[PDB]
Amino acid sequence: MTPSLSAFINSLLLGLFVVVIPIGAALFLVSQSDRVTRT
Amino acid sequence: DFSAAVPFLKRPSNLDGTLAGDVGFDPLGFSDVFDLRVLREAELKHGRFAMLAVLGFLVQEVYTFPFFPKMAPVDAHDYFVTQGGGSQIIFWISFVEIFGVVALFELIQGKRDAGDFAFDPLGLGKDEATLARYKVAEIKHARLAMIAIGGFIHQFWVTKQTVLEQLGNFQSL
Amino acid sequence: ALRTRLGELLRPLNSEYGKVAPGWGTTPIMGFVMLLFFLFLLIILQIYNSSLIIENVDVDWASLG
Amino acid sequence: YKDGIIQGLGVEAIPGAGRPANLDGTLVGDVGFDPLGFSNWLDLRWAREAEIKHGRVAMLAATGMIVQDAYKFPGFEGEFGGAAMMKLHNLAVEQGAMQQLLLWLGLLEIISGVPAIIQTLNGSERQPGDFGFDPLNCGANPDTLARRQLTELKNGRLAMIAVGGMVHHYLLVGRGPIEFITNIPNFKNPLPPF
Amino acid sequence: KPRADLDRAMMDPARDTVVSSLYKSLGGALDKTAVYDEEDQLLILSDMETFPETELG
Amino acid sequence: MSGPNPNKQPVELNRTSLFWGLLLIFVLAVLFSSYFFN
Amino acid sequence: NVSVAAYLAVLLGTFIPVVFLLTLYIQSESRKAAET
Amino acid sequence: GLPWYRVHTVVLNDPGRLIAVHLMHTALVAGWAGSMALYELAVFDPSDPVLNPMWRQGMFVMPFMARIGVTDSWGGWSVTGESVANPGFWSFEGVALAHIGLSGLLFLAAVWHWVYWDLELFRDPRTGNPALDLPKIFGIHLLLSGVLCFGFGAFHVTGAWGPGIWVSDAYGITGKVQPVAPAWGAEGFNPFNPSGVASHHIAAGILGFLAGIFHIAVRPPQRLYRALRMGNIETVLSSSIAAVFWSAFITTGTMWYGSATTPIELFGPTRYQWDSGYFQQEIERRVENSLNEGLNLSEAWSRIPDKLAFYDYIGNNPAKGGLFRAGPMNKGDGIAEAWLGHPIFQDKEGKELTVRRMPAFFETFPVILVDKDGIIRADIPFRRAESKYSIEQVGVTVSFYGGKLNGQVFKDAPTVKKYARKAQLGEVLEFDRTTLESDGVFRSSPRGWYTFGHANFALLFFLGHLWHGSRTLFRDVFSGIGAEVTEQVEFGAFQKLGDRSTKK
Ligand SMILES: CC1=C(C#C/C(C)=C/C=C/C(C)=C/C=C/C=C(C)/C=C/C=C(C)/C=C/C2=C(C)CCCC2(C)C)C(C)(C)C[C@H](O)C1
Ligand SMILES: CC1=C(C#C/C(C)=C/C=C/C(C)=C/C=C/C=C(C)/C=C/C=C(C)/C=C/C2=C(C)CCCC2(C)C)C(C)(C)C[C@H](O)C1
Ligand SMILES: CC1=CCCC(C)(C)[C@H]1/C=C/C(C)=C/C=C/C(C)=C/C=C/C=C(C)/C=C/C=C(C)/C=C/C1=C(C)CCCC1(C)C
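Chains as they are written, first to last, in this note's numbering: chain A, 1 to 39; chain B, 1 to 173; chain C, 1 to 65; chain D, 1 to 194; chain E, 1 to 57; chain F, 1 to 38; chain G, 1 to 36; chain H, 1 to 504.
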């Protein structure tokens, strides 16, 4: 485990939990909340 | 209906319990996808190979033929790679299992029981109760020897000594 | 349409045009495999870029010896 | 005991607030305490199984913290020395104890929990945290069984918090649990090698 | 080869395992795929409209 | 069978396209002749 | 001085696409003429 | 009628003639390979592999033949410089003739498939229209490609049944085709480790075989079938073009930056070996090691091979050529005859001076001589300027160690200026100019030409991929839009854009 490899794994984790999880979670919440009336 | 062996897991839908040794143990569920007859064929053949291998390890450690050189069983494998006896052994195994392929095809077609080559030359099992008891004993011994042969090989790999030799002086490391 | 021996041999291999799996099928596991492939490409790109230094992996002409 | 005053609809933590809709006071240890809305997007079977597993693992971990600092098996204290806590892990990895433990526990988890996870998430009768492991027929009475369930859950929470506390205690001072509680002042600390 | 007479209608999901669920996820027991797309997917639209001619024009 | 292929289509090129193509090819030759020669 | 075999490049690259365009135009014009 | 740019769309719904035109294209490509190999064999000079290798002569497909085993010729020579008494069939000529014969056979097959287009295999049993089950065809082709990749990496590269691939040392002195054992660790992802080729091909062949089994077995989801338009073959064209220009970018990068798959004895050195002073550092290290053994400068510099000194030269840099400076590298600075040796420049006081090397950016660079500290002690004026540090004033003398001029000391100003101009370019060499009438402007290696062609091809195929993805996803509005668009384009008419059921 080199420092560069540890930094790469930490970058993957930070990218997930900072960009992908929050954006996807907010998208899911607002899509479930603000729906479209298809009547 | 939960499994008899595993109380927290459901019994697999393909393991009704008619087969020998069918206690319901299948956590990963290979019987849910692949054919149970082919799996029992593979299990029985693995076990028979392993039982013969365990008996061979014991005998080879206790007695080697005088026209063969004296050595451990595991490193004899390369000696018979070079000499040609192992090629003969796998040649005859391949010759038997060429017809084994046909037997497996008949097993797929459902005209043969799993692991049933009808090989009873001495007539030991003819009564149905004794036949079922022998099936259970055979599968239990097959599983035990499948574990035991890997145990022997890995113990020789880590300790550089054979089975009864290690039981002689139990060196721990 | 003329019928040939090779055509009749290969006919079952081209006989299911338009046959689909209903619903989403295997899309989630496909996305999982695509994610793994993306991670693998990222790893090898950063190795070739020397942004990811691994033990015993010297990205250099001198590693040929 | 499952009474309605220690768990359920009656007692309600952070009073003056509303209970979550999914947290309907049916599971064990429901005191109405779910801030941050974790019970809305997460399956309660998965969360309950995770809580039970973490609690049991932390119980074993904390008992190891207490016992290793007091008594050591013959043979390990010569190979490892006076190491414990965060030093026993790195020496045991190179020794062979940690790799064997990882392999055996991972094999046990693979052949026990994963199919249990799948079945209890797909709708089997197996409750989360239930492996049916009842030797000596302990807790055969249902009221006693509920008492044991609630006690196990609360002691698992306590064990998780205590394990975190002891880990941080060694990460700061550099002493084991009983050594940390008998050496209360923060001075004269040794080296805490991670 | 996976067994015949396998479908996700008789197989109880409560009895699922690692291999069975991995088989379901990899498109196994797909005997419900008798449906076809029934869309041309090469049909270029040809519904041209004729504009009416005005007096100016 | 060997006969009328239903996918046979005629090919057109009006005079405007012919003149555009001639202009394009001749201008490209004018541009790249100096570089091919040297 | 000026490299040889570039005359071949310039002249063939000028002629061949011009040939292609002229053939296309004449073919199209004759098809139109026989359409009448 | 069809426009000139749509003439090939007649085989879009004709599978037999699609196969016919693919066969014709394959025959053309194979014939180009054969004819190019024959021409390169006609213009190749195998006499001196050290100072006139294949990349100095503009050989393009010869490096790719020599990369994975084909190194001998029916003429009795090898590209490694050795003599082969029994060449065997798979020489360069054998490969070229095999490609010509393959081109002819594929041409005949294309003729047959163009004439016999209405095969019953190409018609859907359910509908009767000519159709291709593209997902299962992809499964079959992926399985075939996995088998081919696994076989190549398991028998050809490893030498189990095959020649192996070209493996050289770190500095391109002793390179040959060797069997290559695969490396299954993280070192297989070292791009300069040739074991990665074998391990990659074995693992990727296994994975492709499994994926082909999966794609034959399992039908696509309806959502992916409708979304990607899997009933249309233009989505296959679009995704194939995308993958192809992805691969072209990958090969462009591995050619320009160098890897184990682009050795310097076949494609020439890279520009970053000149930028970093790679061969210069190696030569200095060897000379220092020889000086530490008690040798003098002449014996230390005479031990340097001519190949290693030839690599340390800016005329072999692929980043020194020109776009329209066509021809081989020998058409530029000339055909290399001999290494003249390492020049060491000394002033009237005996202090050593090094001519600053020309960077790859500069068409022209001023000739300046620095000392060991980095201070300009001598130089050459621009063309006719009044000078302060000129060669005539400082009295610079040059002494050569090693090479053809070993031991000679030149003290006259014109010769010292000439050799300083030559030392600006790196190692001083002797070039032959009357054989090809070399003009004297540097030209690029096959590495640089490959990089240029494939970078431009990848960039253009990006545009092609965009065009075909657009024509796939917008097939219904190919000839224009209808009157059903006017209601959708009203702002706020529908809640969801383009959905008629979400009307407010
Ligand atoms: C490669 C090679 C060779 C070789 C070789 C060979 C033949 C190597 C063979 C290796 C083998 C067979 C290893 C088997 C291991 C079995 C294990 C670990 C089973 C564990 C079962 C457990 C833990 C059960 C657990 C349990 C379960 C699940 C159910 C009940 C509960 C519990 C009991 C706990 C040679 C010798 C020919 C030489 C050649 O030159 C090189
Ligand atoms: C990394 C590493 C290693 C390691 C390691 C290890 C052992 C890492 C273990 C880390 C652990 C177990 C951390 C746990 C922390 C628990 C906390 C903070 C609990 C907080 C509870 C709170 C705040 C409660 C709040 C509350 C709530 C919710 C509301 C009510 C009020 C209240 C109850 C207060 C090794 C051993 C491999 C060595 C390696 O060389 C380095
Ligand atoms: C100038 C130019 C334009 C822009 C791009 C770029 C700059 C790269 C450059 C590239 C131009 C291109 C695409 C050139 C293409 C060259 C090609 C395709 C050359 C291929 C020629 C094919 C040849 C001889 C085939 C010979 C085969 C023969 C006899 C077969 C004969 C036989 C047959 C027919 C039946 C069986 C028996 C036998 C003897 C085998």
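Where is the CB? At the ideal position from N, CA and C, for every residue including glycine.
Hey, is residue i close to ligand 3, as in C-beta under 7 Å from one of its heavy atoms?
{"i": "residue 13 (chain F)", "result": "no"}
{"i": "residue 86 (chain B)", "result": "no"}
Does any residue of chain D bring its CB to less than 8 Å from the CB of residue i?
{"i": "residue 15 (chain B)", "result": "no"}
If we ignore side chains and look at the alpha-carbon of each, how far apart do residue i and residue j end up?
{"i": "residue 22 (chain D)", "j": "residue 47 (chain D)", "result": "12 Å"}
{"i": "residue 50 (chain E)", "j": "residue 245 (chain H)", "result": "44 Å"}
{"i": "residue 144 (chain H)", "j": "residue 24 (chain H)", "result": "21 Å"}
{"i": "residue 77 (chain B)", "j": "residue 205 (chain H)", "result": "31 Å"}
{"i": "residue 2 (chain F)", "j": "residue 113 (chain H)", "result": "11 Å"}
{"i": "residue 11 (chain G)", "j": "residue 323 (chain H)", "result": "20 Å"}
{"i": "residue 169 (chain B)", "j": "residue 151 (chain H)", "result": "49 Å"}
{"i": "residue 160 (chain D)", "j": "residue 54 (chain D)", "result": "7 Å"}
{"i": "residue 135 (chain B)", "j": "residue 142 (chain B)", "result": "10 Å"}
{"i": "residue 131 (chain B)", "j": "residue 20 (chain B)", "result": "10 Å"}
{"i": "residue 5 (chain G)", "j": "residue 40 (chain C)", "result": "49 Å"}
{"i": "residue 32 (chain G)", "j": "residue 9 (chain F)", "result": "14 Å"}
{"i": "residue 209 (chain D)", "j": "residue 5 (chain D)", "result": "Residue 209 (chain D) lies beyond the range of chain D shown here (1 to 194); nothing can be said about it."}
{"i": "residue 18 (chain F)", "j": "residue 26 (chain G)", "result": "10 Å"}
Is any beta-carbon of chain C found at less than 8 Å from that of residue i?
{"i": "residue 37 (chain A)", "result": "no"}
{"i": "residue 437 (chain H)", "result": "no"}
Is the CB of residue i under 8 Å away from at least one CB in chain E?
{"i": "residue 19 (chain B)", "result": "no"}
{"i": "residue 120 (chain B)", "result": "no"}
{"i": "residue 115 (chain D)", "result": "yes"}
Is it the case that the CB of residue i approaches a heavy atom of ligand 1 more closely than 7 Å?
{"i": "residue 163 (chain B)", "result": "no"}
{"i": "residue 74 (chain B)", "result": "yes"}
{"i": "residue 78 (chain B)", "result": "yes"}
{"i": "residue 195 (chain B)", "result": "For residue 195 (chain B) there is no data in the structure shown, the boundaries of chain B being 1 and 173."}
{"i": "residue 25 (chain B)", "result": "yes"}
{"i": "residue 53 (chain C)", "result": "no"}
I want to check one thing, is the minimum distance from the CB of residue i to the heavy atoms of ligand 2 below 7 Å?
{"i": "residue 292 (chain H)", "result": "no"}
{"i": "residue 161 (chain D)", "result": "yes"}
{"i": "residue 194 (chain D)", "result": "yes"}
{"i": "residue 167 (chain D)", "result": "yes"}
{"i": "residue 22 (chain H)", "result": "no"}
Mind checking who residue i pairs with in its DSSP beta bridge?
{"i": "residue 119 (chain H)", "result": "C:2"}
{"i": "residue 336 (chain H)", "result": "H:431"}
{"i": "residue 352 (chain H)", "result": "H:346"}
{"i": "residue 494 (chain H)", "result": "H:503"}
{"i": "residue 368 (chain H)", "result": "H:379"}
Does residue i come within less than 8 Å of chain H when only Cβ atoms are used?
{"i": "residue 50 (chain C)", "result": "no"}
{"i": "residue 43 (chain E)", "result": "yes"}
{"i": "residue 36 (chain C)", "result": "no"}
{"i": "residue 28 (chain C)", "result": "no"}
For a contact defined as C-beta to C-beta under 8 Å, what are the partners of residue i on chain K?
{"i": "residue 5 (chain A)", "result": "Going by chain labels, chain K is absent from the structure shown, which instead holds the protein chains A, B, C, D, E, F, G and H."}
I'd like to know if residue i contacts chain B, where contact means its C-beta is closer than 8 Å to some C-beta of that chain.
{"i": "residue 126 (chain D)", "result": "yes"}
Unbroken stretches of the alpha helix (DSSP H), 4 residues or longer, contained in the region 192-237 of chain H
195-217 and 222-228
4-residue-minimum alpha helix (DSSP H) runs that sit fully inside the region 21-78 of chain B, ordered along the chain
36-62
Please give the ranges of any alpha helix (DSSP H) in the region 99-173 of chain B, keeping only runs that are unbroken, at least 4 residues long and fully inside the region.
The qualifying runs are 128-159 and 163-168.
Complete runs of the alpha helix (DSSP H) confined to the region 303-335 of chain H [at least 4 residues]
For secondary structure counted as the alpha helix (DSSP H) over 4 or more consecutive residues, the region 303-335 of chain H holds these complete runs in sequence order: 306-311.
Taking only runs that begin and end inside the region 43-126 of chain D, name each unbroken alpha helix (DSSP H) of 4 or more residues, in chain order.
44-68, 76-80, 86-95 and 97-122
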